[PDB]
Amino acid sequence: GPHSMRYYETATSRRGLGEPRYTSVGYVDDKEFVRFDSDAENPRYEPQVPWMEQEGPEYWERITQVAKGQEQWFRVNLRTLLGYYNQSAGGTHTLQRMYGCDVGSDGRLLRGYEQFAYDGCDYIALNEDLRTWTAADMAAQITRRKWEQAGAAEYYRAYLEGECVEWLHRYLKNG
């Protein structure tokens, strides 16, 4: 059958607090299997399903390290969006990222995802071809241009077509 893996990373900036609230949730098909929350006392990726209990502490460690870097990515990129949209630095804003892979019955990639939404609205999205981007407005046009120039599609495609698919199969065997 057709399976999918999806990650949703969201960061919400608040008034006064220099660190935005950052969350990340993973899904294998319909089921949420992993979650990281920055509000927690000891922020880390914790399993949300019994079949994820069979991953070593090394898995949870690097995954949490990555999450820590993602927070920093969001922190900086929320600020650049303020500049793009000419918004006040004393407000509340949200940036959401979603990426993942849909695999066929033959375990091969069908559709890869890499997309961002700012303040609930569209920002930029990698197309089905995994070669081009759809920018929502003029601000997202600045990102498209630099990502076209930097080869961002090729970069994301490498992950989506390999490691994403391979890990999905791994999790399916676990479940």
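Residue positions are given as counts along the sequence shown, with the first one as 1.
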property: Higher-B stretch (mean Cα B-factor, as the entry records it), 146-154 or 45-53; result: 45-53
property: Which of 32-40 and 121-129 has higher mean CA B factor, as the PDB entry lists it; result: 32-40
property: Per the PDB entry, maximal CA B factor within 116, 27, 59, 113; result: 59
property: Chain thirds of CA B-factor: placement of residue 17; result: highest
property: Entry-reported Cα temperature factor of residue 81, expressed as the chain third it lands in; result: lowest
property: Residue 140 - which third its CA temperature factor falls in, relative to the rest of the chain; result: lowest
property: Within-chain third of residue 89 by Cα B-factor, per the entry; result: highest
